[PDB]
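A.B. asks: If you read the sequences in order, they're chains 7, X and W.
All letters in the first sequence, in the order written, are residues 423 to 767, 830 to 837 by the deposited numbering.
All letters in the second sequence, in the order written, are residues 275 to 296, 311 to 327 by the deposited numbering.
All letters in the third sequence, in the order written, are residues 2 to 235, 258 to 306, 349 to 369, 409 to 416 by the deposited numbering.
Handing you this structure, nothing more for now.
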Amino acid sequence: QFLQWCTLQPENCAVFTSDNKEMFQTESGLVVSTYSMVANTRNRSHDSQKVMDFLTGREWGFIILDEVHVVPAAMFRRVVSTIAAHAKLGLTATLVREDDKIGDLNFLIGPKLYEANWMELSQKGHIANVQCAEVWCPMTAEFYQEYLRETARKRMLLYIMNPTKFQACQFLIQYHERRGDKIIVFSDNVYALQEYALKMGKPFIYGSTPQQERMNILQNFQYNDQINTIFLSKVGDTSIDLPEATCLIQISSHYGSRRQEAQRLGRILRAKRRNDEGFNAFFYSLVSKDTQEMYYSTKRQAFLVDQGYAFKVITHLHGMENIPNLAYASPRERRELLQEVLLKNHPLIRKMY
Amino acid sequence: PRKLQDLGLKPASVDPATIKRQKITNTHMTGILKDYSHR
Amino acid sequence: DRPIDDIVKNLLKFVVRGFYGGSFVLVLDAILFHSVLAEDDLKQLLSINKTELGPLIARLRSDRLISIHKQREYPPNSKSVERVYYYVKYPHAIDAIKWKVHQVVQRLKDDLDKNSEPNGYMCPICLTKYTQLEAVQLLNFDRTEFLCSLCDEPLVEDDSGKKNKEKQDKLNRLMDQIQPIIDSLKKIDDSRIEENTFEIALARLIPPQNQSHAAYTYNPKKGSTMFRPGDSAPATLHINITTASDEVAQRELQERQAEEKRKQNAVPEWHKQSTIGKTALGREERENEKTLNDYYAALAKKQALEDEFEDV
Ligand code: BEF
Ligand SMILES: [Mg+2]
Ligand SMILES: [Zn+2]
């Protein structure tokens with residue numbers, strides 16, 4: 423985007439990542455790197471050590487911190503003091519974090535300059551309108567009886583892998599695919615993501631996925647008519663531009679993280695067909711009732727409610743029974759899944837050898 | 275051609291010496321994804 | 002065929018007919034009528050022996066009026082044989098013709114200039130030529146006669162005194178006879194010609210024989226970096264007509280498309296209404354017309409082989 427939007431010559435541009443570490447040989451240029459590549463001090467490659475020496479020796483003029491909400495971390499704040507620069511700009515859609523270090527930003531980088539409303543832009547057509555919904559999936563008795571006895575660590579997987587969520591997801595997938603919507607399914611839990619992907623025959627992406635494979639997944643999900651839904655994870659939570667993405671679903675969430683809630687919602691706010699008359703994007707949040715998942719769900723939406731977005735509770739999805747096949751529809755399969763999920767937890833002597 | 279040019283006559287040829295000669313993570317989707325590498 | 006191609010063909014024909022024999026004309030006219038021509042096909046066409054064809058091809062190749070191309074051909078049911086093809090490389094032929102014409106004219110002009118000079122002297126015995134300056138230093142002591150050095154014999158005045166007019170007449174004749182070549186060369190210089198290759202010439206081929214043994218195809222070897230001297234050179260439209268039924272059908276289809284579009288952008292049923300009380304989700350005129358027509362008719366009367413293939 424930097425090159426596309428401005429007239430920056432390619433020769434004056436340098437990318438500092440793990441793959442290529444070359445820097446522009448021109449007198450003045452831009453260095454685009456990451457916090458991992460700027461805050462590390464113990465281990466550095468030879469080329470990366472030369473790059474770090476270059477950065478320290480030269481007196482920079484401007485620093486641009488994308489997603490600055492991470493600068494007040496234990497050591498990421500050290501880069502502000504070590505790196506030399508006459509001007510610091512931070513860019514972030516949320517200026518809040520769980521700990522009290524958010525206030526440290528005042529003496530770390532300075533005060534906040536400007537903020538923009540969400541509903542104002544939505545009604546002015548600058549951004550899309552979303553019909554945020556919260557689905558209440560009742561846990562079945564077979565799994566709930568184990569929920570009561572199981573400890574805190576196991577009930578997390580237990581109430582995330584309930585069959586009702588699978589069945590609702592299948593019905594919604596079929597309905598929205600008939601409606602021709604591009605669907606993203608987020609899931610922090612890698613095991614749950616893999617189970618859903620293998621059950622539904624759809625791809626999954628998480629930390630182990632390589633860059634080439636994930637790019638292929640994205641390209642095909644974008645331009646291939648056959649594919650309309652994908653199962654992303656925490657990797658694609660923020661700082662990714664998906665003009666085609668329109669529908670967002672959450673089956674597994676990273677606890678009460680309010681910032682991640684908004685960052686995940688941000689993926690579908692730039693839908694390509696976000697200006698056609700009568701369009702309304704969809705954001706589903708599946709939660710099990712009578713569980714601490716409701717506690718965390720109500721705790722992770724207090725920022726969206728403050729902005730102005732309102733979640734609609736969906737007790738039932740009409741026409742769910744008419745779908746031909748539903749995952750985990752039989753009590754026999756329910757029992758088998760119950761047991762499975764519970765069981766989840830001298831050069832001449834060289835020839836000798 | 276060089277002699278023809280030296281004598282002031284346009285040569286309709288050139289010296290041939292000047293002719294420059296000139311761990312995939314998910315696999316249940318294998319065989320499904322077309323390579324939309326460019327747009 | 003381009004007009005420049007016609008001009009160059011005429012120039013080649015004139016040069017061959019004027020400065021070569023008859024068999025040369027036959028061979029080059031055959032190779033001009035056809036594209037690259039195999040040796041066997043040329044022999045069959047002209048009904049001449051190999052020994053007779055030899056001198057003609059050799060002289061034309063030396064004068065660069067004909068180019069050669071040797072390649073290995075593999076018949077499906079016979080031993081492969083290296084076949085020789087003959088064609089015309091127009092740039093090289095034109096350059097050779099131009100250079101030869103210039104050289105001939107220059108030779109005659111230089112001969113005229115030399116003849117305009119004094120005669121000289123000759124020795125009848127040793128048959129040695131002596132210029133005027135060289136003879137002036139060999140005269141006898143009596144200053145009466147020029148004496149040879151080896152023979153010590155009187156010298157005899159050389160010939161060519163009277164040819165002064167003959168050489169000029171020869172030049173005058175030659176220019177008039179060679180006039181056409183100059184005009185053709187002027188037009189050729191005005192235009193630009195592309196160098197010919199075996200493959201390029203094959204594009205204009207007229208088959209010599211029904212079942213010529215030579216395979217007139219150019220199949221270069223794959224990844225052959227070998228270079229030989231002088232072997233390189235520089258939609259569908261569909262129209263649809265509409266009728267009244269098609270018009271009504273088209274408007275109906277457009278209405279259906281609009282309905283589908285509005286449905287696509289419409290909000291879901293669950294989002295439309297608040298679904299709290301629902302159970303939780305989980306597992349005759351024809352005769353009239355006839356009589357009308359009959360009555361109006363009455364009124365009017367009252368008033369009055410398997411392989412790969414690609415679909416394309
Ligand atoms: F806030 Be963006 F999606 F980088
Ligand atoms: Mg960004
Ligand atoms: Zn003599």
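We treat Cβ as the ideally placed atom computed from N, Cα and C, and that holds for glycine.
Would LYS322 (chain X) pass as an interface residue toward chain 7 - the criterion being a Cβ-Cβ separation below 8 Å?
C.D. replies: yes
A.B. asks: From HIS261 (chain W) to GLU282 (chain W), what does the alpha carbon distance come to, in whole angstroms?
C.D. replies: 29 Å
A.B. asks: Output, in chain order, the set of chain W residues within a Cβ distance shorter than 8 Å of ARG295 (chain X).
C.D. replies: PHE228 and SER233
A.B. asks: Report all residues for which the CB-ligand distance to some heavy atom of ligand 2 is below 7 Å; order them along the chain.
C.D. replies: In chain order, the hits are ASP488 (chain 7) and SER661 (chain 7).
A.B. asks: Using a beta-carbon distance cut-off of less than 8 Å, what residues from the region 79 to 110 of chain W approach chain 7?
C.D. replies: none
A.B. asks: State the CB to CB distance for the pair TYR86 (chain W) and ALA31 (chain W), rounded to an integer number of angstroms; the pair is presumed to be in contact (CB under 8 Å).
C.D. replies: The pair is not a contact, with the Cβ atoms about 13 Å apart (cut-off 8 Å).
A.B. asks: Within 10 Å of its beta-carbon, does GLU715 (chain 7) have 16 or more other beta-carbons around it, so buried, or fewer, so exposed?
C.D. replies: Label assigned to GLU715 (chain 7): buried.
A.B. asks: Between the alpha carbons of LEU530 (chain 7) and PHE705 (chain 7), how many angstroms are there, rounded?
C.D. replies: Distance between the alpha carbons of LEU530 (chain 7) and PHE705 (chain 7) is about 35 Å.
A.B. asks: Between which two residues does the alpha helix (DSSP H) holding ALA724 (chain 7) run?
C.D. replies: 724 to 729
A.B. asks: Should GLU146 (chain W) be counted as a contact of ligand 3 given a C-beta to heavy atom distance under 7 Å?
C.D. replies: no
A.B. asks: For the beta strand (DSSP E) containing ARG73 (chain W), list its first residue and its last residue.
C.D. replies: 68 to 74
A.B. asks: I'd like to confirm the pairing. Which residues does DSSP put opposite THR651 (chain 7) in its beta bridges?
C.D. replies: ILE605 (chain 7)
A.B. asks: In chain W, which residues lie less than 9 Å from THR668 (chain 7) when you measure between Cβ atoms?
C.D. replies: The premise fails here: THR668 (chain 7) is roughly 11 Å from chain W at the closest Cβ pair, so nothing lies under 9 Å.
A.B. asks: Does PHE705 (chain 7) come within less than 8 Å of chain W when only Cβ atoms are used?
C.D. replies: no
A.B. asks: Against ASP190 (chain W), what residues of chain X qualify as contacts under a CB-to-CB distance less than 7 Å, listed in chain order?
C.D. replies: In chain order: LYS284.
A.B. asks: With respect to the alpha helix (DSSP H) encompassing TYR566 (chain 7), which residues constitute its N-terminal and C-terminal limits?
C.D. replies: 563 to 571
A.B. asks: Does ligand 3 have even one heavy atom less than 7 Å from the beta-carbon of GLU154 (chain W)?
C.D. replies: Checking the Cβ of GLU154 (chain W) against ligand 3 gives yes.
A.B. asks: Grab me the residues of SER674 (chain 7)'s own chain with a C-beta within less than 6 Å of its C-beta, minus the 5 sequence neighbours each way, in chain order.
C.D. replies: If you ignore the 5 residues before and after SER674 (chain 7), its C-beta comes within less than 6 Å of the C-beta of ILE582, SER609, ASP610, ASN611 and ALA614, all in its own chain and listed in chain order.
A.B. asks: Give a single yes or no on whether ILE126 (chain W) has its beta carbon closer than 7 Å to a heavy atom of ligand 3.
C.D. replies: yes
A.B. asks: Pairs of beta-carbons, one from the region 675 to 683 of chain 7 and one from the region 618 to 630 of chain 7, closer than 8 Å: are there three or more?
C.D. replies: no
A.B. asks: Among the candidates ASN744 (chain 7), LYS835 (chain 7), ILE833 (chain 7) and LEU764 (chain 7), whose CA atom is the shortest distance from the CA of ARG571 (chain 7)?
C.D. replies: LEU764 (chain 7)
A.B. asks: With distances taken from CA atoms, which of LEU364 (chain W), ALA362 (chain W), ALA267 (chain W) and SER233 (chain W) is nearest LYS294 (chain X)?
C.D. replies: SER233 (chain W)
A.B. asks: Can you look up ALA365 (chain W) in the DSSP assignment and give me helix, strand or coil?
C.D. replies: Here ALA365 (chain W) sits in helix by DSSP.
A.B. asks: Count the CB pairs spanning the region 134 to 146 of chain W and the region 187 to 203 of chain W that are closer than 8 Å, and state whether there are at least three.
C.D. replies: When C-beta atoms of the region 134 to 146 of chain W are compared with those of the region 187 to 203 of chain W, fewer than three pairs fall below 8 Å, so the two segments do not count as touching.
A.B. asks: Who does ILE486 (chain 7) pair with in a DSSP beta bridge?
C.D. replies: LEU511 (chain 7)
A.B. asks: Quick check on the DSSP output: what are the complete alpha helix (DSSP H) runs of length 4 or more inside the region 687 to 741 of chain 7, in order along the chain?
C.D. replies: 714 to 721 and 724 to 729
A.B. asks: Return the bridge partner residues of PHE626 (chain 7) from the DSSP annotation.
C.D. replies: Per DSSP, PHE653 (chain 7).
A.B. asks: Got a sec: does ligand 1 put a non-hydrogen atom nearer than 7 Å to the Cβ of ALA509 (chain 7)?
C.D. replies: no
A.B. asks: Using a threshold of 7 Å, is the CB atom of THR132 (chain W) nearer than that to any non-hydrogen atom of ligand 3?
C.D. replies: no
A.B. asks: Between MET578 (chain 7) and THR651 (chain 7), what straight-line distance do the alpha-carbon atoms span, to the nearest angstrom?
C.D. replies: 26 Å
A.B. asks: If we cut at 8 Å on Cβ distances, does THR313 (chain X) have a partner in chain 7?
C.D. replies: yes
A.B. asks: Should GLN553 (chain 7) be flagged as near chain W, meaning a C-beta pair shorter than 8 Å?
C.D. replies: Yes - at least one Cβ of chain W is within 8 Å of the one on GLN553 (chain 7).
A.B. asks: Can you tell me which of the three DSSP states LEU206 (chain W) falls into?
C.D. replies: It is coil, neither helix nor strand.
A.B. asks: Alpha carbon to alpha carbon, how far is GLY658 (chain 7) from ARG274 (chain W)?
C.D. replies: 45 Å
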